[PDB]
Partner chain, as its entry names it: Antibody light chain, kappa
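Single chain ahead, written as structure tokens, the form deposited without the partner chain.
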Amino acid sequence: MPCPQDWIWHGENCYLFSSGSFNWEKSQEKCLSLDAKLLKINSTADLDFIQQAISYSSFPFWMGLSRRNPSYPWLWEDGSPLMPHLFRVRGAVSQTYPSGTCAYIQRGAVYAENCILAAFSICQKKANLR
């Protein structure tokens, strides 16, 4: 199939729901060790897929969105911005944390929290498509 064992195929990418829960930086490194990156939601189709995939889990899952503080915009790991009107970022969006602020999805909603906190994560890499 287009995706390795345990990875889920969606669009032109493969997605993996992490086996462990760690802070954002470590979660990022874990995806990197798998030739992947943290979840990057580029459309409503992507969001819907992720929401459906997690289904009724009450666990929090890191995505690749972060920022130094409220004065900075929400950007994906590659530096590209969060496309408007895909989702609203709830939670701790007013405060400033030393390790910065990172985004995660929990119960279908997206929240901002101290990057030092722990959560599961979703990694993604390009699918093998001719």
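Residue numbers count along the first chain shown, from 1.
From this point on, the text means the form deposited with the partner chain bound, which you will not see here.
Q: Please check if residue 90 has a heavy atom lying within 4.5 Å of any heavy atom of the partner chain in the deposited complex.
A: Heavy-atom contact with the partner chain at 4.5 Å: present for residue 90.
Q: Can you tell me if residue 33 lies within 4.5 angstroms of the partner chain in the deposited complex, counting non-hydrogen atoms only?
A: Residue 33: no, not in contact with the partner chain in the deposited complex.
Q: Going by a heavy atom distance of 4.5 Å, is residue 74 a contact of the partner chain in the deposited complex?
A: Residue 74: no, not in contact with the partner chain in the deposited complex.
Q: Within 40-59, which residues come within 4.5 Å of the partner chain in the deposited complex, counting heavy atoms only?
A: Read in sequence order, the residues that approach the partner chain (within 4.5 Å, in the deposited complex) are 58, 59.
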